[PDB]
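Beneath this line is the structure, given in structure tokens, with notes to follow.
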Amino acid sequence: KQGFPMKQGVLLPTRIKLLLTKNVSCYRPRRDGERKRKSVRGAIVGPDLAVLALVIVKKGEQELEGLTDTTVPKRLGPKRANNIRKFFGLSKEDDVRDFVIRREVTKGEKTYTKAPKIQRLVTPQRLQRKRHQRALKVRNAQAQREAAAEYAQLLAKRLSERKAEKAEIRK
Amino acid sequence: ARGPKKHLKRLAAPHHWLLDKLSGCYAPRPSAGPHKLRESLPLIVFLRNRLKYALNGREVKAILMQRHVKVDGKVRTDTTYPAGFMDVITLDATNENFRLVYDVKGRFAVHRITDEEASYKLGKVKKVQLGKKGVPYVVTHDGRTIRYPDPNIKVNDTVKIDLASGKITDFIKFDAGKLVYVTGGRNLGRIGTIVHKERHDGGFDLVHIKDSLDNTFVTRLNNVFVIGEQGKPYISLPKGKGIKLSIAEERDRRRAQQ
Amino acid sequence: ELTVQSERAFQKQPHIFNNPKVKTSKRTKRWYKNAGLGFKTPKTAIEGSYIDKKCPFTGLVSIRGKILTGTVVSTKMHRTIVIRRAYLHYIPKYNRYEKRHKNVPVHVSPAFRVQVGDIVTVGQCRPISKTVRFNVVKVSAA
Amino acid sequence: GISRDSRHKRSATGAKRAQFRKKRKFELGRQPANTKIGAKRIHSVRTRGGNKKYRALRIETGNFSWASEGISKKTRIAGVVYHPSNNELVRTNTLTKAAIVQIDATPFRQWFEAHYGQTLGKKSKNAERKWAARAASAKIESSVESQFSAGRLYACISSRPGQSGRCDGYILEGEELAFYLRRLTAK
RNA sequence: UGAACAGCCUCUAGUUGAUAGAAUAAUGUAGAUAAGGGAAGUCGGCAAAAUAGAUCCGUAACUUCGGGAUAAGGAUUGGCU
RNA sequence: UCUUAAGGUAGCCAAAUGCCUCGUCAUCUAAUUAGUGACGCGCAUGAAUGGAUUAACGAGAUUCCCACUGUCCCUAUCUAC
RNA sequence: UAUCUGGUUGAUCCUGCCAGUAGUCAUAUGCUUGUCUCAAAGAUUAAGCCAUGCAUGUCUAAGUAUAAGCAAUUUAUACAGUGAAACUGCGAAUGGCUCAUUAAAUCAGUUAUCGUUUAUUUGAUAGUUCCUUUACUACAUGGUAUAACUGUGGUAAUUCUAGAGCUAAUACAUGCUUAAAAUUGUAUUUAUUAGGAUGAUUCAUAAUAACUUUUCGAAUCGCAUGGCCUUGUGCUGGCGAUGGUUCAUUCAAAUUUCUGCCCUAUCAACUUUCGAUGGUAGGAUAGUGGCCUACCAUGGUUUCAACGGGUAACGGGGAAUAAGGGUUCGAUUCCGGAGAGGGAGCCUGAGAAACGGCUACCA
RNA sequence: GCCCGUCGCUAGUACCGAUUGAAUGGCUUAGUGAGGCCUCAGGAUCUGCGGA
């Protein structure tokens, strides 16, 4: 009652307040870094509860109405390339752009299939970018090597000029 | 003040921007860039108020975004880019080409140049070090860094930088005779030749500068910018050629050219 | 103090290595420098046995900024002295001066033997202590 | 938080300064690490500018350098024996800078035996020629001569475990080793 | 033990004398303890309770300048290495 | 103006001395014949029949406050004889 | 525009103040009130309290869209356009207000960082990512979640949300394609060695032996789709955006040198138990430092006005009035401080002791 | 002529004054001491000898 969720981890049948940080239940932060003292309830089940949420880990021998008799299908299928491959049992080389789930949507009389865009899907765009990165790095390597050699030769010429000046000095 | 400041008011703006004091609360605060907040001309003030091309800041932004405008060799799209002392600003769509430079009164002039000179710029090398892997490098007054300079190039010299690619076209040393551009102090914009330096230890260095009309003055070395040979500038100078005549002489010139 | 190694620790110049495996001459390797601005490093700072990590010549303290001159008035502390920098403040309304004095604690290296009443020139450095900011570089007395 | 400002300390003239501003983050201090020995446990503390500092505790081993040889080996730490600042750190085996510590001797002993071919206390042709070239290098002083027999080396900790997370150090040698040994045996 | 020919326990020495046995009612004499309140009791804080040794800190009005003063008010206290 | 030898001066007080009187005012309390400070035509104060004040001291008399409590609300229990 | 006048007396000459006179971006108030421009405006007493509603949110071609949204694949079967909701990245640390606290404090001029941090911008910058030293790598390229959603709900109530099933990344946790040129990256830390610039350095940089719980060195996105043939979904290939280590630059920040502040002796000695001044050493810091800690010496300030007290005291640029000197004022439009009712603590972040962010107490 | 003081009335101002007077603010000995933070541990639960 009063709608305070049971927190997983705290061992007491009462309601106590904690400083709920990020990545913890019973609290949705509104700002980066904010930690607000909420009120939760202990993991101990007591008479003070209003609803208790349970999950059927193993079905009994007789079914229930809005339950194991009836199933609700998963709303969205896999969207990433490898997720689709694993969920459809595809191999390393089968095409995935055709196995994609084509959910049918009808605006009145006009019907069309909306399939998810595939991410992490190898594409000539990605390969072109990879080749461009390789070309950029190798071009930079050639440029640095040639600049280093050029400055080495310039410094060698300057030191030769210094030696010539030393020879010219002292008559 | 518990962080960086992101606002500027009209009174606090530098005087050489020549913003009026009554049109708006704030001034265009320059973003971070090659030059300091002061002694730098934002593109919004170079267009809206200098060249009068755009009537409002929104139109300045539209000009900037359609990419008609490029400072140095690269296009700029930020509304308040800090274009500094010798930055070259193109405006290729109107085929003009300016190089920023101080008039003799001490303000950024609207001096126009040709592309054959805009293809380069100068920079007073402000520091020389050896970077990583033992590689020497120079850094100029606009934060621009050039690796592998000539060993003869030292601090207080000028390096000619091609806008196509950062590379030392040539350099001008700092010694007696070289024509210099006084960028800083009471002589903002004055041009002359060096007769001798002082070189105090610890304190600010001093240089004695005389001009074409033999008006000797003195300035800190932190405010000078050697720009060419004796009477042979490496750039084109605005009208007046960096000579400041007296107030009476200015009035006489105005009335004679009335 | 009397003995060089007095404190509970060992006193030596950091990053200075004696290399005890070489039987060279002079049996020491002392690191010194010149503070600049024409300030001559004393021969005591050249050849002495102390350490004084705060000495401008042997320690890792660099002199920069205001160079000042005063006359010391206290030497009871350890390797630190206090100078009385007298000056004449100017009152505009009455158009004449008034005597004023300031005391600036200044660190002193063992390279100098200072006495109360001498005239010493010092230079600004990084904060040595809560109030000490300077180091003595030349003394004068007769 | 611990405040590093001088606005709380009494003025040089004994003047009680007044509370000017509330405490500030750019002057905050943190508690000492107090690094013990055994079962390495380094906690990362974020520092101004987004930098990282390795607040070390319970460090296992450290890199210790034999400055005369120029080499440095990882070595397990036997424990502190003398600390110039406080004897409490010695008593509770705390690892901080300038701590005189005992460490293991086997890595350095094996390196000495394999690099100069000698021994303390008590075979290929290239090895014999190398040892002949490095002859008269067993002239190592009596301190470390008996040290390696004892099986533990006295080393000064030169790192800051509360800052860098490592307890790197260098082997005591010569005059400073003699000084610290004299301090140990002063009784 | 402790400041102590204080109190408490023991040694040498001396006594073990005072009518005694059985039960544990009231009222007594002597000793005590009491929840909450805290002098509302009573002529009156009578009786009782409270504090108490030592070390360190801190100590007012007034004063005959000597005191007030252990003022008031606080902290610590064993064992062992 | 009567009169004495002189007519209570300095001081102090409902004081341990003031009948009326539980005087009048203030403070202390919720409430005060109590306490204290003032007022003094003081039945009947007052100057070595010593006046006034007084630091310290007091098994002297009195009021209030803090602490403390079976004095009490409101009694109960235990031990010895 | 360097000026005075009435008033003590029967009358005179003085001291002497009262009064008159003028200004006040100096306030209030009384009376009266047509026009133009300009414009202050809850500072004074209460930094006293606050009903109510607003003031911080934000997307491109270019992070993630199968909305069971709109409009279309007249460009397309993975998507292709737009696009709510939401995750992600930034910002919210700017601005605005007030002047309570503050008397060497702030602040002004002037210095230093050889004493340090620095998101962003600008410019440079990772063959050694095979280094755990050639598949750890799947490299025509990898792993799991989890948001958004439907449905079940609790609470009188909150910008509360639990339990279940879905799903992406420039979100997280991994990880190659680097040949091999020489003699093994970079990042951290330790010790040793050499040492173009500065007035000066143990500087910059380089070489060794290693250490490291390990940082970084591109699995991101949008357009254009071009050249080579031994024509293959082959090899090469442009414009960018985003991201990245180090260095420099810029925006800054924190400390810092000298000098300077109103009235007070009816404030003369103060600081120093347990930090006071200094030394050694260590922690801590982004960094110097009694910033803190341990040991040690007894020091530091002061009649050239310390310490203490008051301030109807934020400091300054400046304002009013002045022959010259000067007097008074400066809450307030600009700069720098400090505060979000008082006080402290802290997460996130480059940046906060943040309050239109949390935590606790007090009111 | 001028003028002084006591006393008498009215009004105002300040002072002494029992009341261990009373408030407001600052600093502080001592006692209690929330809270977040660092740290020694505790490890619900979730995940591939381990990790959170």
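Please note that chains go A, B, ... in the order of the structure tokens, that every chain numbers its residues from 1, and that ligands are numbered from 1 in the order shown.
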
**OP:** Starting from chain G, keep only residues with some atom at most 6 Å from an atom of chain B, counting only C-alpha atoms (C1' of nucleotides), and report them as a PyMOL selection string.
**Re:** chain G and resi 93-94+121-124+199+205+249-252+351

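By only C-alpha atoms (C1' of nucleotides), and with residues fewer than 6 positions from residue 82 (chain D) along its chain excluded, the set lying at most 10 Å from it is residues 8 and 9 of chain C; 88, 89, 90, 91, 93, 98, 99, 100, 101, 102, 156, 180, 181, 183 and 184 of chain D.
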
Saved selection, atoms kept: C-alpha atoms, as an mmCIF file, in the first residue's frame:
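Produced file out.cif, reproduced below:
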data_model
loop_
_atom_site.group_PDB
_atom_site.id
_atom_site.type_symbol
_atom_site.label_atom_id
_atom_site.label_comp_id
_atom_site.auth_asym_id
_atom_site.auth_seq_id
_atom_site.Cartn_x
_atom_site.Cartn_y
_atom_site.Cartn_z
ATOM 1 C CA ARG C 8 65.949 11.618 10.225
ATOM 2 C CA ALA C 9 66.371 11.332 6.444
ATOM 3 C CA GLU D 88 53.881 4.613 13.032
ATOM 4 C CA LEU D 89 54.236 3.855 9.327
ATOM 5 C CA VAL D 90 57.076 1.469 10.166
ATOM 6 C CA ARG D 91 55.028 -0.184 12.904
ATOM 7 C CA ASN D 93 53.914 -1.474 7.524
ATOM 8 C CA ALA D 98 61.267 7.746 1.116
ATOM 9 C CA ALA D 99 60.408 4.669 3.184
ATOM 10 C CA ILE D 100 63.390 2.411 3.845
ATOM 11 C CA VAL D 101 62.152 -1.087 3.045
ATOM 12 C CA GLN D 102 63.402 -4.646 2.740
ATOM 13 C CA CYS D 156 64.322 3.504 -0.532
ATOM 14 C CA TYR D 180 70.409 4.256 7.006
ATOM 15 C CA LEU D 181 72.096 1.149 8.402
ATOM 16 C CA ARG D 183 70.234 4.686 11.944
ATOM 17 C CA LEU D 184 68.875 1.137 12.183
#

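Going from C1' of residue 50 (chain E) to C1' of residue 59 (chain F) covers 21.0 Å.
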
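Residues from chain D found within 8 Å of chain C are residues 12, 67, 68, 84, 85, 140, 173, 174, 176, 179 and 180 of chain D, counting only C-alpha atoms.
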
Write to file, as a PDB file, in the first residue's frame, the residues of the selection just made, with N, CA, C and O atoms.
ATOM      1  N   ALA D  12      50.057  35.731   9.556  1.00  0.00           N
ATOM      2  CA  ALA D  12      51.408  35.769  10.101  1.00  0.00           C
ATOM      3  C   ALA D  12      51.480  36.625  11.353  1.00  0.00           C
ATOM      4  O   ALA D  12      52.300  36.364  12.239  1.00  0.00           O
ATOM      5  N   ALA D  67      70.874   1.262  -8.980  1.00  0.00           N
ATOM      6  CA  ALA D  67      71.353   2.409  -9.748  1.00  0.00           C
ATOM      7  C   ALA D  67      72.772   2.212 -10.260  1.00  0.00           C
ATOM      8  O   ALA D  67      73.115   2.714 -11.334  1.00  0.00           O
ATOM      9  N   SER D  68      73.613   1.508  -9.506  1.00  0.00           N
ATOM     10  CA  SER D  68      74.964   1.228  -9.981  1.00  0.00           C
ATOM     11  C   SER D  68      74.948   0.347 -11.223  1.00  0.00           C
ATOM     12  O   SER D  68      75.717   0.575 -12.163  1.00  0.00           O
ATOM     13  N   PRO D  84      61.518   8.158   7.709  1.00  0.00           N
ATOM     14  CA  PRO D  84      61.988   9.419   8.301  1.00  0.00           C
ATOM     15  C   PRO D  84      60.896  10.244   8.957  1.00  0.00           C
ATOM     16  O   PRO D  84      61.164  10.917   9.958  1.00  0.00           O
ATOM     17  N   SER D  85      59.671  10.207   8.444  1.00  0.00           N
ATOM     18  CA  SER D  85      58.638  11.072   8.997  1.00  0.00           C
ATOM     19  C   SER D  85      58.105  10.521  10.312  1.00  0.00           C
ATOM     20  O   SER D  85      58.225  11.164  11.358  1.00  0.00           O
ATOM     21  N   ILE D 140      81.729  -5.390  -5.581  1.00  0.00           N
ATOM     22  CA  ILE D 140      80.549  -4.786  -4.987  1.00  0.00           C
ATOM     23  C   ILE D 140      80.780  -4.651  -3.488  1.00  0.00           C
ATOM     24  O   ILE D 140      81.407  -5.515  -2.862  1.00  0.00           O
ATOM     25  N   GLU D 173      72.577   2.359  -1.455  1.00  0.00           N
ATOM     26  CA  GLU D 173      73.952   2.070  -1.828  1.00  0.00           C
ATOM     27  C   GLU D 173      74.901   3.109  -1.257  1.00  0.00           C
ATOM     28  O   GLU D 173      74.574   4.295  -1.196  1.00  0.00           O
ATOM     29  N   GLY D 174      76.080   2.647  -0.850  1.00  0.00           N
ATOM     30  CA  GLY D 174      77.169   3.553  -0.527  1.00  0.00           C
ATOM     31  C   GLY D 174      76.900   4.369   0.719  1.00  0.00           C
ATOM     32  O   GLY D 174      76.568   3.833   1.782  1.00  0.00           O
ATOM     33  N   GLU D 176      74.548   6.581   1.527  1.00  0.00           N
ATOM     34  CA  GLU D 176      73.191   6.626   2.056  1.00  0.00           C
ATOM     35  C   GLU D 176      72.796   5.290   2.668  1.00  0.00           C
ATOM     36  O   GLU D 176      72.111   5.251   3.697  1.00  0.00           O
ATOM     37  N   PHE D 179      74.398   5.310   5.999  1.00  0.00           N
ATOM     38  CA  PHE D 179      73.665   6.192   6.904  1.00  0.00           C
ATOM     39  C   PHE D 179      72.419   5.507   7.446  1.00  0.00           C
ATOM     40  O   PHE D 179      72.155   5.526   8.654  1.00  0.00           O
ATOM     41  N   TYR D 180      71.648   4.878   6.563  1.00  0.00           N
ATOM     42  CA  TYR D 180      70.409   4.256   7.006  1.00  0.00           C
ATOM     43  C   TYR D 180      70.685   3.030   7.864  1.00  0.00           C
ATOM     44  O   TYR D 180      69.974   2.783   8.844  1.00  0.00           O
TER      45      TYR D 180
END

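Across region 84-219 of chain B, DSSP run on the backbone finds alpha helix (DSSP H) at residues 115, 116, 117 and 118 of chain B.
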
Restricted to N, CA and C atoms, what would the selected residues look like written as an mmCIF file, in the first residue's frame?
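That gives us result39.cif:
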data_model
loop_
_atom_site.group_PDB
_atom_site.id
_atom_site.type_symbol
_atom_site.label_atom_id
_atom_site.label_comp_id
_atom_site.auth_asym_id
_atom_site.auth_seq_id
_atom_site.Cartn_x
_atom_site.Cartn_y
_atom_site.Cartn_z
ATOM 1 N N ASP B 115 44.634 37.956 -55.222
ATOM 2 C CA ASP B 115 44.826 36.545 -54.907
ATOM 3 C C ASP B 115 46.293 36.149 -54.975
ATOM 4 N N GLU B 116 47.069 36.792 -55.848
ATOM 5 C CA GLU B 116 48.483 36.462 -55.962
ATOM 6 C C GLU B 116 49.242 36.736 -54.672
ATOM 7 N N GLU B 117 48.728 37.617 -53.818
ATOM 8 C CA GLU B 117 49.288 37.816 -52.489
ATOM 9 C C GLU B 117 48.510 37.078 -51.412
ATOM 10 N N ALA B 118 47.205 36.890 -51.608
ATOM 11 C CA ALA B 118 46.415 36.118 -50.661
ATOM 12 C C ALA B 118 46.846 34.665 -50.611
#

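All residues of region 11-171 of chain A that DSSP, run on the backbone, classes as strand (DSSP E or B) are residues 15, 16, 17, 18, 19, 20, 36, 37, 38, 39, 40, 41, 80, 103, 104, 105, 106, 107, 110, 111, 112, 113, 114 and 119 of chain A.
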
**OP:** Provide as number ranges by chain the residues of chain G at most 6 Å from chain A, counting only C-alpha atoms (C1' of nucleotides).
**Re:** G: 66, 78-79, 154-155, 162-163, 166, 347-348, 358

Which residues are near region 67-76 of chain E? Cut-off 10 Å, only C-alpha atoms (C1' of nucleotides), ignore same chain within fewer than 3 positions. Put them as a PDB file with N, CA and C atoms (P, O5', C5', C4', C3', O3' and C1' of nucleotides), in the first residue's frame.
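Generated file (part19.pdb):
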ATOM      1  P     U E  55      47.032  16.022  41.745  1.00  0.00           P
ATOM      2  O5'   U E  55      47.097  15.846  40.172  1.00  0.00           O
ATOM      3  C5'   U E  55      48.152  15.120  39.572  1.00  0.00           C
ATOM      4  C4'   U E  55      47.943  15.008  38.090  1.00  0.00           C
ATOM      5  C3'   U E  55      47.598  16.298  37.375  1.00  0.00           C
ATOM      6  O3'   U E  55      48.728  17.090  37.081  1.00  0.00           O
ATOM      7  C1'   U E  55      46.102  14.615  36.699  1.00  0.00           C
ATOM      8  P     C E  56      48.588  18.683  37.042  1.00  0.00           P
ATOM      9  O5'   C E  56      47.792  18.942  35.693  1.00  0.00           O
ATOM     10  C5'   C E  56      48.368  18.608  34.443  1.00  0.00           C
ATOM     11  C4'   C E  56      47.387  18.792  33.318  1.00  0.00           C
ATOM     12  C3'   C E  56      46.698  20.140  33.256  1.00  0.00           C
ATOM     13  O3'   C E  56      47.491  21.154  32.669  1.00  0.00           O
ATOM     14  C1'   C E  56      45.095  18.431  32.997  1.00  0.00           C
ATOM     15  P     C E  57      47.293  22.684  33.117  1.00  0.00           P
ATOM     16  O5'   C E  57      45.875  23.096  32.529  1.00  0.00           O
ATOM     17  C5'   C E  57      45.668  23.145  31.130  1.00  0.00           C
ATOM     18  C4'   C E  57      44.209  23.277  30.777  1.00  0.00           C
ATOM     19  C3'   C E  57      43.517  24.567  31.179  1.00  0.00           C
ATOM     20  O3'   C E  57      43.778  25.634  30.290  1.00  0.00           O
ATOM     21  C1'   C E  57      42.117  22.706  31.633  1.00  0.00           C
ATOM     22  P     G E  58      43.728  27.154  30.801  1.00  0.00           P
ATOM     23  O5'   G E  58      42.266  27.327  31.403  1.00  0.00           O
ATOM     24  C5'   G E  58      41.155  27.590  30.559  1.00  0.00           C
ATOM     25  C4'   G E  58      39.888  27.763  31.358  1.00  0.00           C
ATOM     26  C3'   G E  58      39.941  28.811  32.457  1.00  0.00           C
ATOM     27  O3'   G E  58      39.675  30.123  32.004  1.00  0.00           O
ATOM     28  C1'   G E  58      39.091  26.810  33.341  1.00  0.00           C
ATOM     29  P     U E  59      40.276  31.377  32.803  1.00  0.00           P
ATOM     30  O5'   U E  59      39.426  31.434  34.151  1.00  0.00           O
ATOM     31  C5'   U E  59      38.029  31.680  34.122  1.00  0.00           C
ATOM     32  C4'   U E  59      37.365  31.348  35.437  1.00  0.00           C
ATOM     33  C3'   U E  59      37.766  32.185  36.636  1.00  0.00           C
ATOM     34  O3'   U E  59      37.129  33.446  36.676  1.00  0.00           O
ATOM     35  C1'   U E  59      37.749  29.914  37.245  1.00  0.00           C
ATOM     36  P     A E  60      37.966  34.750  37.084  1.00  0.00           P
ATOM     37  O5'   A E  60      36.868  35.892  37.175  1.00  0.00           O
ATOM     38  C5'   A E  60      35.917  36.067  36.142  1.00  0.00           C
ATOM     39  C4'   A E  60      34.565  36.405  36.708  1.00  0.00           C
ATOM     40  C3'   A E  60      34.559  37.429  37.827  1.00  0.00           C
ATOM     41  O3'   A E  60      34.622  38.763  37.363  1.00  0.00           O
ATOM     42  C1'   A E  60      33.245  35.586  38.458  1.00  0.00           C
ATOM     43  P     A E  61      35.317  39.894  38.263  1.00  0.00           P
ATOM     44  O5'   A E  61      34.155  40.355  39.247  1.00  0.00           O
ATOM     45  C5'   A E  61      32.917  40.818  38.733  1.00  0.00           C
ATOM     46  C4'   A E  61      31.853  40.868  39.799  1.00  0.00           C
ATOM     47  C3'   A E  61      32.194  41.665  41.043  1.00  0.00           C
ATOM     48  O3'   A E  61      31.989  43.053  40.878  1.00  0.00           O
ATOM     49  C1'   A E  61      31.281  39.583  41.670  1.00  0.00           C
ATOM     50  P     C E  62      33.142  44.087  41.285  1.00  0.00           P
ATOM     51  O5'   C E  62      33.373  43.816  42.833  1.00  0.00           O
ATOM     52  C5'   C E  62      32.337  44.035  43.773  1.00  0.00           C
ATOM     53  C4'   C E  62      32.614  43.316  45.065  1.00  0.00           C
ATOM     54  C3'   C E  62      33.862  43.752  45.806  1.00  0.00           C
ATOM     55  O3'   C E  62      33.688  44.938  46.552  1.00  0.00           O
ATOM     56  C1'   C E  62      33.808  41.410  45.707  1.00  0.00           C
ATOM     57  P     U E  63      34.905  45.972  46.693  1.00  0.00           P
ATOM     58  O5'   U E  63      35.994  45.166  47.516  1.00  0.00           O
ATOM     59  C5'   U E  63      35.738  44.761  48.848  1.00  0.00           C
ATOM     60  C4'   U E  63      36.854  43.900  49.370  1.00  0.00           C
ATOM     61  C3'   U E  63      38.231  44.524  49.326  1.00  0.00           C
ATOM     62  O3'   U E  63      38.443  45.406  50.407  1.00  0.00           O
ATOM     63  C1'   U E  63      38.337  42.316  48.501  1.00  0.00           C
ATOM     64  P     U E  64      39.509  46.592  50.291  1.00  0.00           P
ATOM     65  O5'   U E  64      40.853  45.928  50.812  1.00  0.00           O
ATOM     66  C5'   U E  64      41.891  46.727  51.356  1.00  0.00           C
ATOM     67  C4'   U E  64      42.538  46.067  52.547  1.00  0.00           C
ATOM     68  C3'   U E  64      43.011  44.638  52.328  1.00  0.00           C
ATOM     69  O3'   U E  64      44.181  44.418  53.110  1.00  0.00           O
ATOM     70  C1'   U E  64      41.424  44.674  54.068  1.00  0.00           C
TER      71        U E  64
ATOM     72  P     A F  55      31.685  41.917  52.343  1.00  0.00           P
ATOM     73  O5'   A F  55      32.832  40.955  51.810  1.00  0.00           O
ATOM     74  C5'   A F  55      33.657  41.330  50.721  1.00  0.00           C
ATOM     75  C4'   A F  55      35.065  40.827  50.899  1.00  0.00           C
ATOM     76  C3'   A F  55      35.201  39.445  51.506  1.00  0.00           C
ATOM     77  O3'   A F  55      35.050  38.422  50.545  1.00  0.00           O
ATOM     78  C1'   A F  55      36.673  40.932  52.594  1.00  0.00           C
ATOM     79  P     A F  56      34.201  37.110  50.889  1.00  0.00           P
ATOM     80  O5'   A F  56      35.079  36.365  51.980  1.00  0.00           O
ATOM     81  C5'   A F  56      36.398  35.942  51.687  1.00  0.00           C
ATOM     82  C4'   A F  56      37.128  35.550  52.942  1.00  0.00           C
ATOM     83  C3'   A F  56      36.413  34.551  53.829  1.00  0.00           C
ATOM     84  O3'   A F  56      36.587  33.218  53.398  1.00  0.00           O
ATOM     85  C1'   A F  56      37.206  36.338  55.142  1.00  0.00           C
TER      86        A F  56
ATOM     87  P     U H  29      35.973  25.461  20.472  1.00  0.00           P
ATOM     88  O5'   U H  29      36.129  25.216  22.034  1.00  0.00           O
ATOM     89  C5'   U H  29      37.349  25.518  22.691  1.00  0.00           C
ATOM     90  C4'   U H  29      37.299  25.130  24.143  1.00  0.00           C
ATOM     91  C3'   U H  29      36.724  23.757  24.437  1.00  0.00           C
ATOM     92  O3'   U H  29      37.653  22.709  24.237  1.00  0.00           O
ATOM     93  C1'   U H  29      35.761  25.332  25.893  1.00  0.00           C
ATOM     94  P     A H  30      37.202  21.365  23.485  1.00  0.00           P
ATOM     95  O5'   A H  30      36.126  20.718  24.460  1.00  0.00           O
ATOM     96  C5'   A H  30      36.484  20.300  25.767  1.00  0.00           C
ATOM     97  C4'   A H  30      35.264  20.002  26.598  1.00  0.00           C
ATOM     98  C3'   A H  30      34.287  19.010  25.994  1.00  0.00           C
ATOM     99  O3'   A H  30      34.684  17.667  26.182  1.00  0.00           O
ATOM    100  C1'   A H  30      33.101  20.880  26.781  1.00  0.00           C
ATOM    101  P     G H  31      34.406  16.581  25.040  1.00  0.00           P
ATOM    102  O5'   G H  31      32.865  16.247  25.223  1.00  0.00           O
ATOM    103  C5'   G H  31      32.402  15.648  26.419  1.00  0.00           C
ATOM    104  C4'   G H  31      30.901  15.555  26.449  1.00  0.00           C
ATOM    105  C3'   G H  31      30.250  14.938  25.226  1.00  0.00           C
ATOM    106  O3'   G H  31      30.286  13.525  25.231  1.00  0.00           O
ATOM    107  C1'   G H  31      29.132  16.930  25.773  1.00  0.00           C
TER     108        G H  31
END

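Picture a line from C1' of residue 217 (chain G) to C1' of residue 178 (chain G); it runs 12.4 Å.
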
Original post:
Skipping near chain neighbours, those fewer than 2 positions away, what residues fall within 12 Å of residue 28 (chain E) using only C-alpha atoms (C1' of nucleotides), listed as a ChimeraX atom specification?
Top reply: /E:26,30 /F:81

Residue subset to file, keeping C-alpha atoms (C1' of nucleotides), as a PDB file, in the first residue's frame:
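Written output follows (out-v8.pdb):
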ATOM      1  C1'   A E  26       1.780  -7.577  61.947  1.00  0.00           C
ATOM      2  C1'   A E  30      19.332  -0.945  61.786  1.00  0.00           C
TER       3        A E  30
ATOM      4  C1'   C F  81      17.792  -8.732  65.286  1.00  0.00           C
TER       5        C F  81
END

**OP:** Pull out every residue of chain G sitting within 9 Å of chain C, counting only C-alpha atoms (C1' of nucleotides), and send them as a VMD selection string.
**Re:** chain G and resid 111 to 115 191 to 192 199 to 202 256 to 258 277 to 281 288 to 290 295 to 299 304 325 to 326

Original post:
If you count only C-alpha atoms (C1' of nucleotides), which residues fall within 12 Å of residue 49 (chain E), apart from same-chain ones fewer than 3 positions away, as an MDAnalysis selection string?
Top reply: (chainID E and resid 45) or (chainID F and resid 67:71)

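Across the structure, CA of residue 104 (chain B) and CA of residue 184 (chain B) are spaced 11.9 Å apart.
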